[PDB]
Amino acid sequence: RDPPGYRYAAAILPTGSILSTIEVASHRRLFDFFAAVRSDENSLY
Amino acid sequence: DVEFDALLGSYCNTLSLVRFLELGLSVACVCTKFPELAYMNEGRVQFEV
Amino acid sequence: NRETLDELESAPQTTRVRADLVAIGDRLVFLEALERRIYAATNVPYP
Amino acid sequence: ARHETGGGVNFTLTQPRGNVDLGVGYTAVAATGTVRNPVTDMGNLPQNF
C-alpha cells in the first residue's frame, strides 16, 4: 500500500514529465499500483 | 627435384564494434549509468497525472 | 589486434579506357558485352 | 565470476539492469506485414486416439 503510496508521495515531489495523455483506467491492468484523483484525499495531507 | 608449398596470402576481418548510442534505436530509452544496482533492493516511480 | 598484416604496398599506375558504368543502387557496376568484343569471328561459342 | 573446469579456466560476466514501461498508456504498437512461409501443410492427417 504505502511502499507503492510513498511513490505517490514522491510523485508529490515531482521531476517527471509525462508526454502523451490518454485515459488511465483503460490501462488499469498494466500498472503495479493505481491511485485515483478524486478532487481530494484525506491521506495525502 | 624442387617441390615447395606456398602460403600465398593471409586475410582477416575485424569485429565491427557497434556502439549502442551510434544507433537509430537510441531515442527509445533513457539509458542511465547507475553503478549501484547491486546493493539496491528495489526502486519505485510514482506518477501524478 | 589492430594489425597492418594484409597489404599496403605501392599504389600502381592508372590508365583511361572506354567502358560503361551504371548505378544500380549505391553499388555502381560495370557493363560488358563479350560478343562483339573478342569472340567476333572466332568459332568458339559465347558462354 | 570464475568456474575453473578440468578443461580450462572460465570468466563469465553479468550485469544488473533495469527498465520501466514509463509511458502511461500504449507505447509502441506493432503490425503484421507479410506471410513469407506457410510452415504447416494444412491437414490430411487423422487424429489417432
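Residues numbered from 1 in each chain as written, not as in the entry; some residues may be left out. Chains lettered and ligands numbered in written order. Part of a larger assembly, values for the part shown. Heavy atoms only, no water. Residues with missing side-chain atoms left out of burial classes, pairs and counts.

As recorded in the PDB entry, chain D goes by Major capsid protein and comes from Human herpesvirus 2. The record for the entry shows the title "Structure of HSV2 C-capsid portal vertex".

The name given to chain B in the PDB entry is Major capsid protein, with the source organism recorded as Human herpesvirus 2.

### Focus on the overall build of chain B
Assigned secondary structure in chain B consists of zero helices and zero strands. Counting only C-alpha atoms, chain B reaches 90 × 30 × 10 Å along its principal axes. (Helix = DSSP H or I, 4+ residues; strand = E, 2+ residues; numbered from the N terminus.)

### Considering the overall build of chain D
Helices and strands together make up the secondary structure of chain D, namely zero helices and zero strands. Here the C-alpha coordinates of chain D stretch approximately 55 × 45 × 30 Å along the principal axes.

### Considerations on the packing of aromatic side chains
If you walk through the whole model with that rule in mind, you get one aromatic pair over all chains. On the basis of an interplanar angle of 75° and a centroid distance of 6.2 Å, the ring pair of C:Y39 and C:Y46 is categorised as edge-to-face. (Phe/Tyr/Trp six-rings, centres within 6.5 Å; stacked < 30°, edge-to-face > 60°.)

### Re the interface of chain B and chain A
In many reports, interface size means the accessible area that the parts give up when they come together. Taken together, the contacts link eight residues of chain B with 15 residues of chain A. Here the residues of the side of chain B that touches chain A are counted per class, giving three nonpolar, two polar and three charged. (Contact = heavy atoms within 4.5 Å. Nonpolar A, V, L, I, M, F, W, Y, C, P; charged D, E, K, R; others polar.)

### Comments concerning the arrangement of the chains
Sorting the four pairs of chains in contact by contact count puts chains A and B at the top. A gap remains between chain A and chain C, which never touch, and the nearest two C-alpha atoms on either side lie 39 Å apart. The smallest C-alpha distance separating chain C from chain D is 21 Å, and no contact links them.

### Quick word on unusual backbone geometry
All names here are of chain D. Within the chain, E4 stands out as a residue other than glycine whose phi angle is a positive 60°. Exposure remark for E4: the relative accessible area of 49% places this residue in the partly exposed category. At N44, a position not held by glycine, the phi torsion is positive, near 65°. Of the residues examined, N44 reaches a relative accessible area of 82% and is grouped as exposed. (Buried < 20%, exposed > 50% of the residue type's maximum accessible area, 1.4 Å probe, protein only.)

### Some remarks on the side chain of B:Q46
You can call B:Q46 buried: its relative accessible area is 10%. A polar contact of 2.4 Å, which involves the side chain of B:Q46, links it to the backbone oxygen of A:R7. Beyond its immediate stretch of four places on either side in the chain, B:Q46 contacts A:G5, A:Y6, A:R7, A:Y8, A:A9, A:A10, A:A11, A:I12 and A:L13. (Polar contact = N/O pair within 3.5 Å; in protein donor to acceptor, adjacent residues only side chain to side chain.)

### Observations concerning the pairing of strand β2 (residues 27-30) of chain C
In terms of strand pairing, strand β1 (residues 21-24) of chain C meets β2(C) through four bridges, oriented antiparallel. Bridging from a neighbouring strand, C:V22 pairs with C:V29 of β2(C). (Pairing = 2+ DSSP bridges.)

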